[PDB]
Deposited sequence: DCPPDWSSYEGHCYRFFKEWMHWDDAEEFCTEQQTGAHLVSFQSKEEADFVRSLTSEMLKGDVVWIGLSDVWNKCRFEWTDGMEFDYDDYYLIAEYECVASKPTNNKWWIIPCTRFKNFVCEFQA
């Protein structure tokens, strides 16, 4: 049972927000709206197609934050020669989706963008 303004699709509820925030603030903001809510997560091309239909109140050529962060430091690394890698060498980068063709862009987490929150009902 999701409160108004938050649209629904396949058991979950999503809502586009016209606030301009850094990824960390957007994520935090989402968790402070409703219990267990977070930045939107895409489990299927279909789910992204739906969410794309909620970005109506947005400028274009721009992107929307989705729930992926520090995507480079989370990686494994290896040298091309026999040297073994000894386990933060990358910048804090996050993922935003462009609502035109739903492709994802990896950009600095400090960019101010609109976002979509999501949660289970």
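Engineer: Write out the missing regions of the deposited sequence in sequence order, one range per stretch.
Structural biologist: Since the structure holds only modelled residues, the one stretch it omits is 88 to 91.
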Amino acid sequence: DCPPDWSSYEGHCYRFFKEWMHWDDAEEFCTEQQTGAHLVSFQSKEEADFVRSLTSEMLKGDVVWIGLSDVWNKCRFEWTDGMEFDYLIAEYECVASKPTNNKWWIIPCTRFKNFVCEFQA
From here on, numbers count along this sequence of modelled residues.
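Engineer: Using only C-alpha atoms and the B-factors in the entry, which stretch averages higher, 23 to 31 or 89 to 97?
Structural biologist: According to the PDB entry, the answer is 23 to 31.
Engineer: Please compare 112 to 120 with 1 to 9 and name the stretch with the higher mean C-alpha B-factor in the deposited structure.
Structural biologist: Looking at the recorded C-alpha B-factors, 1 to 9 comes out higher on average.
Engineer: What's the residue among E47, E57, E78, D70 with the greatest CA temperature factor in the PDB record?
Structural biologist: Among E47, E57, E78, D70, the highest C-alpha B-factor in the entry belongs to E57.
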